[PDB]
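Trainee: Before I ask anything, here is the structure I am working with.
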Amino acid sequence: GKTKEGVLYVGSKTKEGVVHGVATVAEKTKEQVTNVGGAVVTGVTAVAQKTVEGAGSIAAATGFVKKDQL
Amino acid sequence: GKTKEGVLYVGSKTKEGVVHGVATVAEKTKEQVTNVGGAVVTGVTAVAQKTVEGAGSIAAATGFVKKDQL
Amino acid sequence: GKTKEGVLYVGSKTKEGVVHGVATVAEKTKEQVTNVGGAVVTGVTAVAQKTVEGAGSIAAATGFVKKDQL
Amino acid sequence: XXXXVXX
Amino acid sequence: XXXXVXX
Amino acid sequence: XXXXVXX
């Protein structure tokens with residue numbers, strides 16, 4: 031009689047992998063992402079909601095701002 | 031008779047992996063991410079909600095701001 | 031008759047991994063992240079809520095601000 | 001930038 | 001930047 | 001920046 035109610039998971043779950051060789055070169059590059067079996071999570075809003083015979087309200091906001099004045 | 035109610039997980043879970051060689055070079059690069067079996071979580075808002083015969087309210091906000099004036 | 035109610039986990043759980051060689055070079059680079067089986071969590075707001083025959087309210091906020099005036 | 005892996 | 005791994 | 005690992 032399992033219940034998962036009002037639960038969240040953010041990130042990564044790994045079971046029993048292998049990764050041999052991951053070589054990477056970034057030269058004179060603005061942005062570079064090398065991801066292997068990983069989660070790179072940026073600037074997300076996620077809402078899960080269940081209501082039963084009730085009232086439920088959520089207000090969620092994310093502001094991600096990045097400036098690079100050179 | 032398990033219950034998970036009102037629970038959250040953020041980050042990473044690893045069971046029994048291998049990672050042999052992860053070499054990386056960043057030269058004259060603004061941003062560089064090398065992720066292997068990992069979670070790189072930045073600027074997230076996550077809301078999970080269950081209400082039953084009740085009233086439930088949530089207000090959540092995240093502000094991520096990064097400035098680099100050169 | 032297990033219950034997890036009102037519980038949170040933030041960070042990392044590892045069981046029985048291996049990581050042989052993780053070499054990294056950052057030269058003249060603004061930002062650099064090398065993550066292996068790890069959680070790098072920054073600027074997150076996470077809310078999990080379960081209400082039953084009750085009233086529940088949450089207000090959560092995160093402000094992350096980073097300035098580098100050169 | 002000579003990243004030379006050799007397992 | 002000569003990252004030379006050699007297992 | 002000569003990071004030379006050698007297992």
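Top to bottom, those sequences are chains A, A', A'', C, C' and C''. A prime marks a further copy of an entry chain.
Quick note on the entry's author numbering: the first sequence kicks off at 31 and runs consecutively.
Quick note on the entry's author numbering: the second sequence kicks off at 31 and runs consecutively.
Quick note on the entry's author numbering: the third sequence kicks off at 31 and runs consecutively.
Quick note on the entry's author numbering: the fourth sequence kicks off at 1 and runs consecutively.
Quick note on the entry's author numbering: the fifth sequence kicks off at 1 and runs consecutively.
Quick note on the entry's author numbering: the sixth sequence kicks off at 1 and runs consecutively.
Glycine included, C-beta positions come from ideal geometry on N, C-alpha and C.
Assuming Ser42 of chain A' and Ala69 of chain A' are in contact, meaning their beta carbons sit under 8 angstroms apart, how far apart are those beta carbons, in whole angstroms?
Mentor: With 8 angstroms as the limit, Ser42 of chain A' and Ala69 of chain A' qualify as a contact, their Cβ atoms being about 4 angstroms apart.
Trainee: Are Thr81 of chain A'' and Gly86 of chain A' closer than 7 angstroms when you measure CB to CB?
Mentor: The answer is yes: Cβ separation under 7 angstroms.
Trainee: Which residues in the same chain have their Cβ closer than 8 angstroms to the Cβ of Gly73 of chain A', if we skip the five residues on either side of it in sequence?
Mentor: Only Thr92 and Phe94 meet the Cβ criterion.
Trainee: Pick from A'':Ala89, A'':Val71 and A'':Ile88: whose alpha carbon is nearest that of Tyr39 of chain A?
Mentor: Selected option, being the one with the closest Cα: A'':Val71.
Trainee: Contact criterion: CB-CB distance below 7 angstroms. Does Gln79 of chain A'' meet it with respect to chain A?
Mentor: It does; some Cβ of chain A falls within 7 angstroms.
Trainee: Less than 7 angstroms between CB atoms is the rule here; does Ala69 of chain A'' satisfy it with respect to chain A?
Mentor: Judged by the 7 angstroms Cβ criterion, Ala69 of chain A'' is in contact with chain A.
Trainee: Let me check understanding here. Comparing Cα to Cα, which of A'':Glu57, A'':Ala53 and A'':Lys60 lies closest to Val66 of chain A''?
Mentor: Comparing Cα-Cα distances from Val66 of chain A'' to each of A'':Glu57, A'':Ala53 and A'':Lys60, the minimum goes to A'':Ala53.
Trainee: Using only the alpha-carbon positions, how far apart do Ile88 of chain A' and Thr33 of chain A sit?
Mentor: The alpha-carbon atoms of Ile88 of chain A' and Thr33 of chain A are separated by roughly 22 angstroms.
Trainee: Roughly how many whole angstroms lie between the Cα atoms of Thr64 of chain A'' and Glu57 of chain A'?
Mentor: Going from the Cα of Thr64 of chain A'' to the Cα of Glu57 of chain A' covers about 14 angstroms.
Trainee: Name the one or two DSSP bridge partners that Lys45 of chain A' has.
Mentor: In DSSP, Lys45 of chain A' forms a bridge with A:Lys45 and A'':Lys45.
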